[PDB]
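Q: I need the structure of the sequence given here:
(chains A, B, C and D, ligands or ions: 36)
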Amino acid sequence: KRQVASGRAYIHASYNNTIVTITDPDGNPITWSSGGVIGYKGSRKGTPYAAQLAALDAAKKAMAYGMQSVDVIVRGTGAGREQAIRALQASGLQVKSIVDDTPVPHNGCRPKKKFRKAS
Amino acid sequence: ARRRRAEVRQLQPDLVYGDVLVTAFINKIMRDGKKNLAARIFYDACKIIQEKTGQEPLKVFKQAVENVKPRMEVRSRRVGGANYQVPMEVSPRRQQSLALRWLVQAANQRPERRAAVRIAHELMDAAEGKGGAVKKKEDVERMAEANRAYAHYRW
Amino acid sequence: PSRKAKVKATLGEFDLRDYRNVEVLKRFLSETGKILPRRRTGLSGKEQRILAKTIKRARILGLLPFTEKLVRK
RNA sequence: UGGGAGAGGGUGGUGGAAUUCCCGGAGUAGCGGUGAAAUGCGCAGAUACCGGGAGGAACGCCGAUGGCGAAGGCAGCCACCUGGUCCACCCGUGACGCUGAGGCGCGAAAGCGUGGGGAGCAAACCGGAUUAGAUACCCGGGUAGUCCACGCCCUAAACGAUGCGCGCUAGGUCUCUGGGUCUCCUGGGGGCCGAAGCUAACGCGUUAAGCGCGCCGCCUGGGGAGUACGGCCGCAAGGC
Ligand SMILES: [K+]
Ligand SMILES: [Mg+2]
Ligand SMILES: [Mg+2]
Ligand SMILES: [Mg+2]
Ligand SMILES: [Mg+2]
Ligand SMILES: [Mg+2]
Ligand SMILES: [Mg+2]
Ligand SMILES: [Mg+2]
Ligand SMILES: [Mg+2]
Ligand SMILES: [Mg+2]
Ligand SMILES: [Mg+2]
Ligand SMILES: [Mg+2]
Ligand SMILES: [Mg+2]
Ligand SMILES: [Mg+2]
Ligand SMILES: [Mg+2]
Ligand SMILES: [Mg+2]
Ligand SMILES: [Mg+2]
Ligand SMILES: [Mg+2]
Ligand SMILES: [Mg+2]
Ligand SMILES: [Mg+2]
Ligand SMILES: [Mg+2]
Ligand SMILES: [Mg+2]
Ligand SMILES: [Mg+2]
Ligand SMILES: [Mg+2]
Ligand SMILES: [Mg+2]
Ligand SMILES: [Mg+2]
Ligand SMILES: [Mg+2]
Ligand SMILES: [Mg+2]
Ligand SMILES: [Mg+2]
Ligand SMILES: [Mg+2]
Ligand SMILES: [Mg+2]
Ligand SMILES: [Mg+2]
Ligand SMILES: [Mg+2]
Ligand SMILES: [Mg+2]
Ligand SMILES: [Mg+2]
Ligand SMILES: [Mg+2]
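A: Numbering: from 1, shown residues only, chains lettered A, B, ... in the order given. Ligands and ions are numbered 1, 2, ... in the order given. Let me share the structure:
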């Protein structure tokens, strides 16, 4: 109910979830989905299947706005990462490209204990 | 089987249809090595499916089996303090095994007093797409799939 | 592996201290603005160390990048 | 005299990434977290996206088996101020040397005083789980502190667990940094493996744990005990 056609797909992978957000040609959320959005509570969300279901949920809700092409942006190193991508390609949407933009500091804030023990 | 991979016993073709799959089914029916009693039961059933049906018993057989084979099943596994029903594809050799076993199992659950009748009905009833044998087969597939989330644990 | 071609070889004579020569300096960065390692630039301990200061210099001026988006994965 | 390499030190100044917070847009129902979960956060709209701003702390790739420093320790970039040091020439002085009880200065982290700063992290603490019970390990919060200035404290597995200087005693190999006629030669560093030899053994082996000379420090069975007492030092903790 706003027709967009082409846009961007943001895959936010991690070890506890995979949340996907579909944006217009310049960053505005049209629809989104996540492991929890599809039903899985707790650890289930982190599974790659959830990822797939989530990426698909997003796509289906996407095309509702007449979406057809997407540029994918992946942030994170979770498990769903690769599955979510697979999902989109096979969703019907055209994956115009894929770019990994995971944020990484040039050393800034002291990480929490669980992420240290590092050198 | 820690060393080799155990080769499958090759069975002797059926005394009547010259089919190996029949000998198997017979074997599964058999209990306490009464292969005679077994064989007869299957055969009488063949003649029962021959009557109440116009189709050939041998073909009815094949079908049922084919209908009761599971193509997916969940195999339990241990992963960091937890057991998971991991969906797994099902080996052809194991399918035939589970199919034949199930038919007989289901068959003897039936109400009809006479053995052969129970096999007879269950068998034909199976090729029809119904019957407890097929329900088991379906529950198994429903079990698998329904745990596709734990599918990445390929095993 | 890594037998593609050391950047030094795949190029002529240059002044490692020229912090403004984008067209050449840029050849020493990966698909990402990351400063390539010696196993890739085919430079010596001493040269590599000078290149480092040169690149960081450009980056600050605005001539070279600090980090680029990977385009695949 | 000429020249070299360097995260050596001090002072300003600056750059980009990331986190947090605030503003705006767009967006729904969760997010987060774990072995599994809760606590928690979210329809006074969170999470995930895009734009803007504020602030603090640290400095990715290069950066190594690397480099510099007496040690502790030192990595974004620029400028200034500044210590050590290596090489070449063989130019000047003529032992002017070595060591070094006391003394003085330096001295990671935590900690102390006064005043700033505070994004992230996090003793204590407040909660959620786990458990036979957890004053824990895991999870959500979180104060001192971590950062700055000035002053204090003066400890450590402050380690190569090896005091400093000098001369002498096969080589091979890698590496950093000079000079040369540049396959290589000759210096100054960093590593491996090894002659002779040394060692209880492990190992060490022209960075010695070898062969020698000089000077300092220290040891003399374990426990009691780095305790008691005394002195000295410190705001205290406490140190010697
Ligand atoms: K005393
Ligand atoms: Mg989760
Ligand atoms: Mg000089
Ligand atoms: Mg320095
Ligand atoms: Mg907002
Ligand atoms: Mg609530
Ligand atoms: Mg409402
Ligand atoms: Mg050095
Ligand atoms: Mg050290
Ligand atoms: Mg002279
Ligand atoms: Mg004279
Ligand atoms: Mg002295
Ligand atoms: Mg003297
Ligand atoms: Mg100190
Ligand atoms: Mg401190
Ligand atoms: Mg203080
Ligand atoms: Mg915290
Ligand atoms: Mg216990
Ligand atoms: Mg309790
Ligand atoms: Mg905590
Ligand atoms: Mg020290
Ligand atoms: Mg040490
Ligand atoms: Mg001494
Ligand atoms: Mg050597
Ligand atoms: Mg050596
Ligand atoms: Mg021994
Ligand atoms: Mg040796
Ligand atoms: Mg010696
Ligand atoms: Mg010794
Ligand atoms: Mg003593
Ligand atoms: Mg005694
Ligand atoms: Mg004693
Ligand atoms: Mg003692
Ligand atoms: Mg003490
Ligand atoms: Mg006093
Ligand atoms: Mg003490």
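Q: going forward, measure contacts and count neighbours with C-alpha atoms only.
A: Noted.
Q: quick one: contacts for residue C:54?
A: By CA atoms under 8 Å, 6 or more residues apart in numbering or on different chains, the contact list for residue C:54 reads C:16-19.
Q: again, 10 Å this time
A: Residue C:54 is in contact with C:16-21, C:25, C:48, counting by CA atoms under 10 Å, 6 or more residues apart in numbering or on different chains.
Q: Would you mind measuring the gap between the ends of stretch C:18-35?
A: 16 Å (CA to CA, to the nearest Å).
Q: Just the strands from chain A, written as ranges.
A: Per DSSP state E, chain A carries strands over the ranges A:6-13, A:18-23, A:29-33, A:69-75, A:94-100.
Q: tell me which element the residue minimising distance to the centre of chain B falls in.
A: Nearest to the mean C-alpha position of chain B, by CA atoms, centre = their mean, lies residue B:99 at 1.7 Å. Assigned by DSSP states H and E, residue B:99 belongs to helix B:92-107.
Q: biggest helix in chain C, by residue count?
A: Of all the elements of type helix in chain C, the one with the most residues (DSSP state H) is helix C:45-61.
Q: So for that helix, what gets flagged as buried?
A: C:48, C:51, C:54-59 (16 or more other CA atoms under 10 Å in any protein chain shown).
Q: Run the chain-centre distance for it.
A: In this view, helix C:45-61 has its centroid 8 Å away from the chain centroid, taken as CA atoms, centre = their mean, to the nearest Å.
Q: How about stretch B:2-14?
A: Stretch B:2-14 has its C-alpha centroid displaced from the chain centroid by 18 Å (CA atoms, centre = their mean).
Q: Can you give the contact residues for that stretch?
A: Residues contacting stretch B:2-14 (CA under 10 Å, 6+ apart): B:18-24, B:26, B:39, B:93.
Q: follow-up on the earlier one: and the strands of chain A, which is most packed in?
A: Among these, strand A:18-23 has the highest mean neighbour count (mean count of other CA atoms under 10 Å in any protein chain shown), at a mean of 26.
Q: quick revisit: could I get the strands of chain A as TSV with distance to residue A:53?
A: TSV is the format used below for these (distance: least, CA to CA, whole Å):
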stretch	distance to residue A:53
strand A:6-13	13
strand A:18-23	10
strand A:29-33	9
strand A:69-75	17
strand A:94-100	17
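Q: Just confirm yes or no for the biggest helix by length in chain A near chain B.
A: For chain A, the longest helix by residue count, based on DSSP H, is helix A:48-63. Yes - against chain B, helix A:48-63 shows contacts by CA under 10 Å from any CA of the partner chain at A:48-51.
Q: does that helix come close to chain C?
A: No - judged by CA under 10 Å from any CA, helix A:48-63 stays clear of chain C, getting no closer than 16.1 Å.
Q: Tell me which helix or strand comes right after the helix or strand harbouring residue B:123.
A: Using DSSP H and E, residue B:123 maps to helix B:115-127. Sequence order places helix B:132-143 as the next helix or strand after helix B:115-127, per DSSP H and E.
Q: could you give the angle of that following helix to helix B:115-127?
A: Helix B:132-143 runs at 40 degrees relative to helix B:115-127, counting by axes from the mean of the first three to the mean of the last three CA atoms, to 10 degrees.
Q: biggest separation within the contacts of stretch B:2-14, which pair?
A: Between any two of these, the greatest separation by CA to CA is 22.7 Å, found for B:39 and B:93.
Q: Those two: which has the busier surroundings?
A: Higher neighbour count among residue B:39 and residue B:93: residue B:39, with 20 against 9, using other CA atoms under 10 Å in any protein chain shown.
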